[PDB]
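Visitor: Okay, here's the structure, questions in a sec.
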Amino acid sequence: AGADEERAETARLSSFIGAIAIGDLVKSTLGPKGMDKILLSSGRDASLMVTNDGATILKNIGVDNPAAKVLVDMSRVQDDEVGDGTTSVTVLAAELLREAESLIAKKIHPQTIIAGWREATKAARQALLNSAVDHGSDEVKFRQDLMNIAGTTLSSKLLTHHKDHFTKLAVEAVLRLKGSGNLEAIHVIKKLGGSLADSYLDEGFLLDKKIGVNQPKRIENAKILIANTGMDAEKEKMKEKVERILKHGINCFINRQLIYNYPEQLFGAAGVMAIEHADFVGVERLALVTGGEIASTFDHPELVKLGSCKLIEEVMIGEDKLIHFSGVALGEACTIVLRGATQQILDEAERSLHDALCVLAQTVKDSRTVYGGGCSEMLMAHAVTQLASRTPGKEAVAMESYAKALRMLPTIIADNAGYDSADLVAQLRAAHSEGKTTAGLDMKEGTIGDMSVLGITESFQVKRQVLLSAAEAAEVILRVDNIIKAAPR
Amino acid sequence: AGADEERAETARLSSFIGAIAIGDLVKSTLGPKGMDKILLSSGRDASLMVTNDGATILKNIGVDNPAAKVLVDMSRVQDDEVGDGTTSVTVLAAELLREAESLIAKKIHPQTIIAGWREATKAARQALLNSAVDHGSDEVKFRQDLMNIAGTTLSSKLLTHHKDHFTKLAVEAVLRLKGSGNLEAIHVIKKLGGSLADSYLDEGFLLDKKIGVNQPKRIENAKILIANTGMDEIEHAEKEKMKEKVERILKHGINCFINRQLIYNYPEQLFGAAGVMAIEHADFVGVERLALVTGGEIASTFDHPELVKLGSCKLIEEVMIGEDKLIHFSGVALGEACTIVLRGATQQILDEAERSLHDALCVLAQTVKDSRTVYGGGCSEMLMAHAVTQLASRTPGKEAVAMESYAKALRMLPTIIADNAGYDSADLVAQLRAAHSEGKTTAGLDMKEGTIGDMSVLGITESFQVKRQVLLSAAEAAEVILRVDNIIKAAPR
Amino acid sequence: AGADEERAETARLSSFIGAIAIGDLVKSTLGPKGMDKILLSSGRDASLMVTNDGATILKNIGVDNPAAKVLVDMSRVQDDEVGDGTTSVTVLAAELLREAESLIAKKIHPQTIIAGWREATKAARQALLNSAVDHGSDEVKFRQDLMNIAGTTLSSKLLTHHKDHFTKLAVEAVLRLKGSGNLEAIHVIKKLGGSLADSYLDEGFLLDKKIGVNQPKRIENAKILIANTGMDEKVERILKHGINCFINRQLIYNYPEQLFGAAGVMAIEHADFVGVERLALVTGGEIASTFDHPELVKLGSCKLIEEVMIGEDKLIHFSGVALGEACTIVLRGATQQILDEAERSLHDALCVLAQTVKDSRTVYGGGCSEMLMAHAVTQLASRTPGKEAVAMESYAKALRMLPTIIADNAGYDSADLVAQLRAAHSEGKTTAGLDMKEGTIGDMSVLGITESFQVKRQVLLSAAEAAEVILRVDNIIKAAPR
Amino acid sequence: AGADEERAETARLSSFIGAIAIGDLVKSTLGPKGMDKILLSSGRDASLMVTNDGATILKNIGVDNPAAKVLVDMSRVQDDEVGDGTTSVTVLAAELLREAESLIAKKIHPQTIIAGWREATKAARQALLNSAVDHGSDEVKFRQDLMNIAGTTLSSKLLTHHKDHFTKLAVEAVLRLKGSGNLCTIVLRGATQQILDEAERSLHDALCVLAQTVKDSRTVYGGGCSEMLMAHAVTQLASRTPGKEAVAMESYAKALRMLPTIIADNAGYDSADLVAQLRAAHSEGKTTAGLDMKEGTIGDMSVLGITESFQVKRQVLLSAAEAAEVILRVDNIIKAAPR
């Protein structure tokens with residue numbers, strides 16, 4: 001075992017230290033004034049690596065004994081099925097830990113303070129609910145689809161000089177997949193070969209493989225075959241495969257594993273295009289697209305198999321050969337595909353398309369967003385301060401401490417702008433109090449202005465996940481009983 | 001230089017340390033201000049686990065060299081006879097060891113001390129189950145059906161602001177469950193909006209699942225099918241799996257199919273045309289209880305229908321719950337098994353109700369079996385303390401010495417309840433003892449008040465087994481530690 | 001390593017330390033309220049072993065350089081010709097050494113002090129002089145066989161609620177074990193089925209194995225064959241012998257198995273070697289080699305061998321045996337922690353009872369022998385010559401501690417007990433002794449506690465006689481390499 | 001430590017120290033009250049062993065670095081022709097070394113002193129005449145067959161209480177051994193191993209003494225009677241010889257005095273009270289009178305019947321001078337290159 005045993009105030013402190021270290025590095029990364037960062041490390045890194053996105057660097061390395069790594073791990077789940085935009089979820093969570101020093105003065109027990117979280121719901125819910133922020137997102141929508149939040153996600157990243165346009169393309173992908181929950185079957189690739197727009201949109205799925213030097217280049221009214229088992233007396237295997245194949249009219253074969261050489265000669269003459277070691281992730285997503293099939297042994301063809309017969313072909317779009325799957329009857333799942341100029345910046349586009357894709361799917365379906373530039377946060381602060389006075393006995397302590405926390409956010413945005421935040425903090429406060437949700441910190445202005453004109457909106461999901469996760473972590477470690485061994489691993 | 005052997009006083013200490021280590025962690029769990037805790041481990045442990053229940057976490061891990069794992073193992077037999085109540089059995093065992101420091105100055109004989117346990121054989125029979133306390137817990141009971149023990153188990157959870165009313169309902173469910181076939185038949189769900197009352201009772205089982213958009217709205221004279229295995233010549237075989245399902249199905253009159261896992265697409269089309277309602281990926285916890293409810297079935301392969309399946313036949317439908325529509329299973333022949341649905345007042349988790357469901361009836365099965373109870377909130381505890389003082393005096397010489405020390409132990413329990421409250425502990429002890437001394441069994445510790453109050457009004461009462469089984473548990477593993485005094489030799493320095 | 005060099009004062013001290021260390025552990029063990037203990041070691045030891053019987057743990061372990069193991073080794077000789085009842089032999093010998101401190105003060109000739117050992121024969125008289133005990137034990141004894149001393153060995157042990165019946169069974173084992181066949185061939189095991197009797201007695205040797213489902217039910221005028229080499233020609237000369245049963249210690253070849261069934265011969269697969277070695281003594285033996293082994297080279301006793309269902313499982317019984325030296329008992333029981341401990345008691349019971357029959361004498365237990373013994377010896381130190389007397393009087397006060405230990409483990413006050421105890425014994429009642437349940441003094445005979453006369457004789461012969469050599473020795477015991 | 005190489009004053013000491021170390025264990029062996037002594041060893045040794053006879057235990061093992069094992073080896077050849085009585089050859093040989101402390105102060109040729117051994121031949125002849133020898137014997141002999149010297153050999157042994165009886169038994173064995181043949185089976189009681197075979201070698205000594213008693217035709221009074229008489233006469237002898245002869249004469253004579261002292265002490269009576277009375281009776285002319293240990297004084301040895309074989313006394317006298325003589329003449333036992 002390891003047996004590192006935590007005692008009262010020396011338990012709370014480890015959580016406290018982890019939060020402060022993360023906040024300074026992540027703070028400069030936010031929005032339009034976001035910045036790239038580089039890292040050099042001990043062990044096997046041997047050099048300085050630069051990642052604009054905070055989440056990618058945190059998972060790669062677990063530097064020291066206090067455990068902040070687990071808090072870090074959670075952000076990815078957010079990133080794959082929602083996620084990023086700007087990194088603020090970690091920052092807000094960290095700031096709530098500072099107040100705990102104040103809490104020892106209270107000196108009862110942390111759990112009584114925990115009442116703040118029920119009220120975190122009441123104070124915050126009013127805050128998200130202070131309204132405007134979201135235009136409404138009617139459904140698909142002609143121009144509100146983008147030139148908003150995806151563009152800002154890109155803003156912290158340099159590729160935005162010509163990649164603002166790439167971001168615009170991504171919303172089209174989310175609109176066609178709306179309904180039945182969210183994200184499944186979305187993938188993106190980039191091709192070396194320049195164009196001003198830097199992109200091509202495929203109505204189907206993009207795969208990078210070829211059967212061999214021989215085989216028909218284009219297939220029509222294609223049938224798709226997926227096998228759980230590889231192709232690998234021998235002639236009898238050859239004979240079974242040919243007999244079943246001709247009747248179906250099979251135009252393409254996709255198998256997720258190693259493929260045997262004998263069938264390959266047959267596929268070329270037959271007029272059937274096969275793919276060696278096709279990636280499973282593409283196949284499962286593809287299956288929703290083609291209606292799928294139950295993949296068994298060679299008995300698999302015809303009815304137990306369901307293929308989509310619109311158009312499959314391998315297309316030279318520039319340099320590297322790719323295969324285009326097109327014509328999804330289901331309509332539920334689609335891809336996108338990207339082009340470039342042949343630059344380091346282009347590979348960065350790959351980095352941010354994922355960033356763009358996740359935000360919009362959630363933005364459209366949740367039917368909510370918040371005003372950026374701290375508009376939502378200052379307004380939230382004004383509403384919460386009166387709330388503490390309103391609440392009774394056990395209610396009126398937890399909520400009050402939470403309320404002053406919101407004050408710091410306006411201050412952080414003003415400084416990164418460069419203007420004096422002291423003037424800024426209450427000049428800002430007066431505008432939110434007045435009733436303009438659209439008003440907030442304008443970094444470009446240097447004072448306060450209209451956020452809505454700017455076009456910065458934050459996904460409603462990015463804001464709820466951050467606030468709930470912020471202190472749940474704080475309360476769990478202090479409580480910890482009979483800790484066992486050590487190290488997250 | 002190795003051996004790992006130790007001298008008289010030191011040997012006693014290794015056992016002594018184990019009791020103190022466990023007591024502080026279990027300490028936070030007790031009473032209304034109880035806390036949830038997390039653990040991390042290496043070596044066939046996946047991730048952090050948090051267990052509200054003290055017994056579950058102790059069973060899973062053999063943490064270190066000191067002896068205490070066997071002490072821990074015993075609590076499970078207790079969590080069979082009755083259950084968790086509120087964890088406290090482990091705490092009492094630990095305090096037994098503190099006096100031992102005093103015992104060095106006892107100046108007589110440690111083996112002689114062992115005779116106290118012999119005394120305890122007839123002492124766990126005296127103070128325990130032979131004192132005053134309440135007049136309650138025989139079958140049914142109208143006024144004291146609840147407004148009792150559910151509230152104390154519930155006390156550890158802060159939701160008790162409205163939750164205590166929720167706990168009131170729980171015994172009505174227990175009364176119907178009494179009979180043959182111990183326990184597993186109860187399910188509960190929470191809702192996102194509602195009234196001051198905060199909860200409703202439904203005649204049948206509550207579920208939030210649907211086969212698909214298509215299928216008949218309602219079924220009568222319903223037959224229920226439960227399958228362990230999912231629905232998920234070979235090309236023809238799919239047609240045949242489809243054929244076996246319909247052939248067996250039509251003769252029975254199959255009204256509803258419930259499967260605990262993923263369901264194959266081919267059957268779905270069949271069920272819609274047939275007029276059969278099925279549930280995809282229904283969770284296991286609802287299923288085991290439902291089986292007890294219907295009359296059971298043997299869940300095997302597709303042969304599962306007809307005789308091997310027993311199905312109740314009143315009404316299965318999706319219906320009326322205030323804001324959310326759920327599928328109601330009702331009119332079951334057993335009647336032993338029934339459901340308290342509840343609805344949510346609206347606080348963050350409110351998933352609390354699912355945990356409280358389990359809490360409500362397991363304790364109660366023993367309630368009919370014991371025909372007896374005690375008053376919770378430490379009411380019994382101060383009363384026993386005042387009463388046990390007399391008991392030590394009753395037994396002469398050797399017999400009294402083990403018994404009086406035990407009596408002062410009861411004093412701490414009132415204090416621990418006070419401690420989680422946030423009120424000053426010293427004040428609490430004075431006020432508490434006088435009320436009990438007077439002769440009023442109902443009076444107890446009111447934590448919100450900070451003083452003593454009527455326990456019955458809040459509720460909190462304890463089942464008779466929870467109070468007789470626990471002391472025996474306290475005396476577990478502790479006895480193996482010091483009844484035998486032999487650890488061997490010394491080889492200088 | 002050579003011979004360890006110690007002289008005068010220092011040499012004596014090493015002997016002195018060994019006796020005190022052993023006495024404290026053995027002390028809690030004695031009597032009805034004795035204690036079970038657990039020991040942990042390293043190297044060739046697995047985990048924890050618990051033995052109520054003091055002799056078993058001492059034989060197993062020779063932990064360190066100081067002298068004591070040869071003394072310990074001797075107790076086994078004591079067991080063969082009695083040894084047990086309850087452990088007490090080690091305790092009395094140890095207290096002998098405390099007096100040696102007073103010896104330096106005498107400052108003359110420690111060897112003349114040895115003459116006190118001459119007085120040891122008087123001790124053999126006097127220690128047991130203290131009033132009459134028993135006198136019959138004719139041989140076999142239909143009623144006087146048990147229901148006294150065996151129970152006492154068991155009383156310390158937890159199992160006594162039903163065990164006392166099992167102990168009773170053990171005398172039967174001793175009766176067949178009398179004479180000089182050596183102390184060998186006694187086999188005991190426990191079984192899962194439950195009954196009030198809690199045990200069974202078999203006239204022969206028990207083995208738990210079967211050839212296979214096919215084969216005859218029983219054999220008569222049986223011939224027994226044991227082979228060293230595995231089965232992995234047989235029928236033609238097997239028929240000649242008339243072979244009724246074959247026992248092999250290892251894996252058995254399948255082909256002969258079909259043949260044995262038709263012939264009418266029952267064979268045993270993977271028979272344990274330990275059972276086999278004893279069996280050879282039993283049947284006159286044979287010489288085991290290759291398949292040439294049958295006929296005259298093989299000797300087989302011919303009573304009858306059969307397989308009998310005990311009640312819960314199938315067992316095979318070997319009985320008769322012309323030679324007669326070796327016999328077996330098969331035990332079974334109610335199924336308790338207490339049943340497992342039945343193993344503890346039979347080993348103890350066989351030896352206690354075996355000497356009960358040929359000892360001719362027993363003593364009153366519960367400290368009765370010890371208090372009275374103290375009273376008689378005190379008068380004599382004054383009567384005997386000076387220095388030998390000095391050793392003799394000190395020895396007398398040693399007996400005092402035993403009364404104190406028995407009362408103390410019962411939870412009653414040791415001080416009060418000593419005063420009242422001595423007056424009873426002093427008066428002249430042989431029967432009166434310490435009643436732990438009572439907390440005072442009472443009649444030992446009603447309890448039924450008695451001790452074998454020789455258990456008492458070799459606790460003191462080792463303390464005495466041999467102790468002539470203790471001061472004499474100078475350099476003691478170790479190992480026995482490889 | 002740091003490489004040992006001892007010379008003159010401390011080199012002499014190593015021979016000296018070996019003799020004193022051996023003497024303490026063996027001294028208790030002599031006289032009617034003696035110590036049985038048992039030894040247990042490591043490496044192919046199984047149990048504690050008991051051997052009263054000093055000579056064999058020394059033969060069995062070579063315990064330490066100082067020289068003495070070769071001296072020890074020699075005592076066995078003594079055993080072959082006579083052997084025991086009591087083990088006095090090793091202690092008396094060692095006895096001569098204590099006096100050497102006096103010699104350093106003498107500071108005049110230690111070597112001249114050594115020549116005394118040559119003159120010990122004169123001392124050996126002195127011992128004859130002095131010895132106090134009886135008549136009797138009469139071949140076979142109904143009552144004087146034993147309860148004598150064997151008893152003396154065994155007096156020392158603790159087991160004298162029971163054993164003096166079986167010492168008596170051994171002369172019966174010697175009576176059957178007489179007649180045309182020179183030098184049946186007897187069973188003893190003991191511990192267990194090879195060391196038990198020590199008894200065969202150790203009791204070799206008892207058989208021979210008795211055998212000599214039947215064909216010696218001569219024996220001497222036991223219980224120390226022989227020793228005091230010889231002592232009174234030898235004092236005269238130094239005075240009776242020329243000064244070169246006399247120095248090795250007179251020193252040898254006082255050695256005899258210690259034997260009376262050891263005999264009386266083990267009895268249980270004051271050691272020196274006995275010395276006064278003992279000398280007076282021998283001086284008078286009664287060869288029969290000697291040390292009566294149970295009495296604590298002096299008495300008639302003949303009534304006791306205790307007698308020592310003429311051969312035991314004859315050979316010891318010759319053997320003591322020859323064994324002691326070689327040690328002074330020879331170096332320190334080492335040198336000659338390659339270690």
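In the structure tokens, the first chain shown is A, the next is B, and so on; residue numbers restart at 1 for each chain, and ligands run from 1 in the order shown.
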Give me the residues within 10 Å of residue 430 (chain C) as a ChimeraX atom specification, counting only C-alpha atoms and dropping any in the same chain fewer than 6 places off.
Guide: /C:130-133,363-364,368-369,372,424,443-445
Visitor: Generate the output file for the selected residues, C-alpha atoms, as a PDB file, in the first residue's frame.
Guide:
```pdb
ATOM      1  CA  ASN C 130       0.474 -36.706  50.164  1.00  0.00           C
ATOM      2  CA  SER C 131      -2.610 -38.810  50.770  1.00  0.00           C
ATOM      3  CA  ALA C 132      -4.020 -41.799  48.856  1.00  0.00           C
ATOM      4  CA  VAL C 133      -5.473 -41.404  45.395  1.00  0.00           C
ATOM      5  CA  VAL C 363      -3.130 -38.044  41.968  1.00  0.00           C
ATOM      6  CA  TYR C 364      -5.841 -35.543  42.917  1.00  0.00           C
ATOM      7  CA  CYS C 368      -4.622 -30.793  45.671  1.00  0.00           C
ATOM      8  CA  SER C 369      -1.314 -32.586  45.280  1.00  0.00           C
ATOM      9  CA  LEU C 372      -0.257 -30.820  50.646  1.00  0.00           C
ATOM     10  CA  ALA C 424      -8.092 -27.555  53.903  1.00  0.00           C
ATOM     11  CA  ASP C 443     -13.998 -31.609  46.722  1.00  0.00           C
ATOM     12  CA  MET C 444     -11.839 -32.404  43.665  1.00  0.00           C
ATOM     13  CA  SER C 445     -13.174 -35.991  43.365  1.00  0.00           C
TER      14      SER C 445
END
```
Visitor: I need the residues of region 245-428 of chain C that end up classed as helix (DSSP H, G or I) by DSSP on the backbone, written out as a VMD selection string.
Guide: chain C and resid 254 to 263 273 to 283 295 to 297 337 to 340 342 to 359 368 to 383 386 to 409 414 to 427
Visitor: For chain B against chain A, with a cut-off of 7 Å and counting only C-alpha atoms, what is the closest atom pair and its distance in Å to one decimal for every residue that makes the cut, ordered by chain and number, as JSON lines?
Guide:
```
{"residue": "B:25", "atom": "CA", "partner": "A:481", "partner_atom": "CA", "distance": 5.0}
{"residue": "B:35", "atom": "CA", "partner": "A:479", "partner_atom": "CA", "distance": 6.7}
{"residue": "B:36", "atom": "CA", "partner": "A:479", "partner_atom": "CA", "distance": 6.8}
{"residue": "B:37", "atom": "CA", "partner": "A:480", "partner_atom": "CA", "distance": 4.6}
{"residue": "B:38", "atom": "CA", "partner": "A:480", "partner_atom": "CA", "distance": 5.5}
{"residue": "B:39", "atom": "CA", "partner": "A:483", "partner_atom": "CA", "distance": 5.4}
{"residue": "B:40", "atom": "CA", "partner": "A:484", "partner_atom": "CA", "distance": 5.7}
{"residue": "B:41", "atom": "CA", "partner": "A:485", "partner_atom": "CA", "distance": 5.4}
{"residue": "B:42", "atom": "CA", "partner": "A:485", "partner_atom": "CA", "distance": 6.7}
{"residue": "B:63", "atom": "CA", "partner": "A:484", "partner_atom": "CA", "distance": 6.7}
{"residue": "B:234", "atom": "CA", "partner": "A:299", "partner_atom": "CA", "distance": 6.5}
{"residue": "B:235", "atom": "CA", "partner": "A:304", "partner_atom": "CA", "distance": 5.7}
{"residue": "B:347", "atom": "CA", "partner": "A:118", "partner_atom": "CA", "distance": 6.3}
{"residue": "B:348", "atom": "CA", "partner": "A:118", "partner_atom": "CA", "distance": 6.0}
{"residue": "B:422", "atom": "CA", "partner": "A:108", "partner_atom": "CA", "distance": 6.3}
```
Visitor: Write out the residues from the selection above, keeping N, CA, C and O atoms, as a PDB file, in the first residue's frame.
Guide:
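Resulting contents of part07.pdb:
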```pdb
ATOM      1  N   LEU B  25     -13.050   7.803  11.070  1.00  0.00           N
ATOM      2  CA  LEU B  25     -13.664   7.806   9.734  1.00  0.00           C
ATOM      3  C   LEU B  25     -15.158   7.470   9.743  1.00  0.00           C
ATOM      4  O   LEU B  25     -15.941   8.071   9.007  1.00  0.00           O
ATOM      5  N   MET B  35     -21.255  12.642   6.430  1.00  0.00           N
ATOM      6  CA  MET B  35     -20.538  13.050   5.215  1.00  0.00           C
ATOM      7  C   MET B  35     -20.121  11.886   4.289  1.00  0.00           C
ATOM      8  O   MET B  35     -19.854  10.777   4.745  1.00  0.00           O
ATOM      9  N   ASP B  36     -20.058  12.170   2.977  1.00  0.00           N
ATOM     10  CA  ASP B  36     -19.632  11.176   1.972  1.00  0.00           C
ATOM     11  C   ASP B  36     -18.121  11.264   1.757  1.00  0.00           C
ATOM     12  O   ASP B  36     -17.555  12.354   1.753  1.00  0.00           O
ATOM     13  N   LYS B  37     -17.468  10.123   1.559  1.00  0.00           N
ATOM     14  CA  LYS B  37     -16.005  10.106   1.462  1.00  0.00           C
ATOM     15  C   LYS B  37     -15.507   9.336   0.216  1.00  0.00           C
ATOM     16  O   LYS B  37     -16.180   8.421  -0.245  1.00  0.00           O
ATOM     17  N   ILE B  38     -14.317   9.674  -0.308  1.00  0.00           N
ATOM     18  CA  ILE B  38     -13.779   8.966  -1.497  1.00  0.00           C
ATOM     19  C   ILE B  38     -12.426   8.275  -1.225  1.00  0.00           C
ATOM     20  O   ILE B  38     -11.631   8.742  -0.404  1.00  0.00           O
ATOM     21  N   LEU B  39     -12.167   7.168  -1.933  1.00  0.00           N
ATOM     22  CA  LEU B  39     -10.889   6.442  -1.803  1.00  0.00           C
ATOM     23  C   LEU B  39     -10.215   6.137  -3.149  1.00  0.00           C
ATOM     24  O   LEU B  39     -10.873   5.935  -4.162  1.00  0.00           O
ATOM     25  N   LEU B  40      -8.890   6.088  -3.119  1.00  0.00           N
ATOM     26  CA  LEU B  40      -8.050   5.802  -4.293  1.00  0.00           C
ATOM     27  C   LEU B  40      -7.217   4.533  -4.018  1.00  0.00           C
ATOM     28  O   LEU B  40      -6.837   4.315  -2.892  1.00  0.00           O
ATOM     29  N   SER B  41      -7.028   3.636  -4.980  1.00  0.00           N
ATOM     30  CA  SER B  41      -6.199   2.449  -4.707  1.00  0.00           C
ATOM     31  C   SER B  41      -5.466   1.909  -5.946  1.00  0.00           C
ATOM     32  O   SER B  41      -5.841   2.179  -7.084  1.00  0.00           O
ATOM     33  N   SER B  42      -4.414   1.133  -5.689  1.00  0.00           N
ATOM     34  CA  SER B  42      -3.595   0.519  -6.738  1.00  0.00           C
ATOM     35  C   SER B  42      -3.575  -1.000  -6.572  1.00  0.00           C
ATOM     36  O   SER B  42      -3.475  -1.511  -5.459  1.00  0.00           O
ATOM     37  N   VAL B  63      -6.545  -3.010   3.983  1.00  0.00           N
ATOM     38  CA  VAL B  63      -5.591  -1.893   3.880  1.00  0.00           C
ATOM     39  C   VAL B  63      -4.158  -2.098   4.414  1.00  0.00           C
ATOM     40  O   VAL B  63      -3.192  -1.794   3.714  1.00  0.00           O
ATOM     41  N   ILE B 234     -28.047 -19.427 -42.023  1.00  0.00           N
ATOM     42  CA  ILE B 234     -27.856 -18.269 -41.126  1.00  0.00           C
ATOM     43  C   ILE B 234     -28.687 -17.047 -41.559  1.00  0.00           C
ATOM     44  O   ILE B 234     -29.258 -16.367 -40.710  1.00  0.00           O
ATOM     45  N   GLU B 235     -28.725 -16.716 -42.858  1.00  0.00           N
ATOM     46  CA  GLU B 235     -29.570 -15.594 -43.294  1.00  0.00           C
ATOM     47  C   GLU B 235     -31.032 -15.884 -42.937  1.00  0.00           C
ATOM     48  O   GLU B 235     -31.781 -15.013 -42.497  1.00  0.00           O
ATOM     49  N   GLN B 347     -34.387  19.590  -5.413  1.00  0.00           N
ATOM     50  CA  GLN B 347     -33.069  19.987  -4.916  1.00  0.00           C
ATOM     51  C   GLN B 347     -32.041  19.222  -5.748  1.00  0.00           C
ATOM     52  O   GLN B 347     -32.321  18.101  -6.157  1.00  0.00           O
ATOM     53  N   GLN B 348     -30.854  19.817  -5.938  1.00  0.00           N
ATOM     54  CA  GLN B 348     -29.799  19.276  -6.839  1.00  0.00           C
ATOM     55  C   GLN B 348     -29.867  17.780  -7.167  1.00  0.00           C
ATOM     56  O   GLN B 348     -30.169  17.394  -8.296  1.00  0.00           O
ATOM     57  N   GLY B 422     -23.622  20.833  15.499  1.00  0.00           N
ATOM     58  CA  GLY B 422     -22.946  22.130  15.460  1.00  0.00           C
ATOM     59  C   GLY B 422     -23.142  22.929  16.744  1.00  0.00           C
ATOM     60  O   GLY B 422     -22.511  23.967  16.949  1.00  0.00           O
TER      61      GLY B 422
END
```
Visitor: Which residues are close to region 138-141 of chain B, i.e. within 10 Å by only C-alpha atoms, leaving aside same-chain residues fewer than 3 positions away? Reply as a list in words.
Guide: residues 135, 144, 145, 146, 171, 172, 174, 175, 176, 178, 367, 368, 369, 370, 371, 372 and 373 of chain B
Visitor: Nearest to chain C among D:72, D:35, D:231, D:208, with distances taken over only C-alpha atoms: which residue is it?
Guide: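 When distances to chain C are compared using only C-alpha atoms, the smallest one comes from D:35.
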